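I have placed the structure first, in the form of structure tokens, so that the comments after it can refer back to it.
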Amino acid sequence: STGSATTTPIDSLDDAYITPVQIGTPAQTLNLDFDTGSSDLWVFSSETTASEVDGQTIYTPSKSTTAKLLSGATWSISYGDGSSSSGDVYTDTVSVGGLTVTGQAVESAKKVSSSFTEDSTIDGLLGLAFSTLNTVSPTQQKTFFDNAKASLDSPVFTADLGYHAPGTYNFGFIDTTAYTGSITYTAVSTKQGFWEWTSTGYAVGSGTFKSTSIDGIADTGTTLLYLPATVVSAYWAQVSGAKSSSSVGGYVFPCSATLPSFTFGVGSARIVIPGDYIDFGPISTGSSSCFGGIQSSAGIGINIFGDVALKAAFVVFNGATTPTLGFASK
């Protein structure tokens, strides 16, 4: 089997991407944030505290003839941005782009933090990291991909995120029309539960490539590119007037700037992030200070190849017995 679904930016900055997901019988379609940095499929629901729901579409398990309470199971998750959610668990039929999993754990939120409430466009998350990170207790549950894997034509999924445009998540096949040149594959460590890999270096604009190992995670659920302070300083030093602002929470730059590109290494291959991808717009409405899309990972504890990086590539998440990651230009 295979599946193919379009993923759409939630706003004009590509802050996140939503993908329609069918849950239950008859189908209830919710728009979920596919997150290769976490491993829980959770949804706004009829159980979510009413004051914490503001415009989201909810899953109502009592209206699904295939929903079953997973008795005694609870979940609770905290994300890198400080947001969180928790609740109980149902199993139900879940379909993405024509690919169906029966008996998928659907984690129903009883509580969500303010950031989730305030984002009316995201109805929940669909985790695509390794199932070892799944938070369901006392019986850990499998991700949608893990459940689907054995049925797929090939044990892979691909992320093809758009810049200010829709893109695609495919399951079970590699669309050879969706990228240019060849795909370069690189080793993955699953020791921390992430799609963790090592970039071979970077360049800023038309500058020379610096060969240096940068361990980080491929994370579709993180907006920006978070890299070591040395690398980030070298980038922003090429933008007149750019500075790190403790009050804003990262590097800002004059909105009048033209940003240089940023290149990262994948083995001997190179992925180029155009400068425009690094512009996250005014820090507040009407400001002439703009927020940068490359930020320091210092104090996160891990480097994160988030959407800023991934949307410059066609990315293969290869879930074979020994997982790997592939990157192609597009």
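Per Swiss-Prot, chain A residues shown: 90-419, in order.
Quick check of the header: X-ray crystallography, 1.1 Å.
Using N, Cα and C of the backbone, Cβ positions are placed for all residues, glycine too.
What Swiss-Prot records for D124, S288 is active site. Residues or ranges marked as disulfide bond in Swiss-Prot: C344-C379. Under the heading domain 'Peptidase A1', Swiss-Prot lists 106-417.
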Checklist entry - Cα-Cα separation of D124 (active site) and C344 (disulfide bond), in Å? => result 30
Checklist entry - Rounded to an integer, what is the Cα-Cα distance in Å between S288 (active site) and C379 (disulfide bond)? => result 27
Item to check | Those disulfide-bonded residues listed as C344, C379, and which of them has the most Cβ atoms within 10 Å of its own Cβ | outcome: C379
Checklist entry - Relative to the Cβ position of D124 (active site), how many further Cβ atoms are located within 10 Å? => result 21
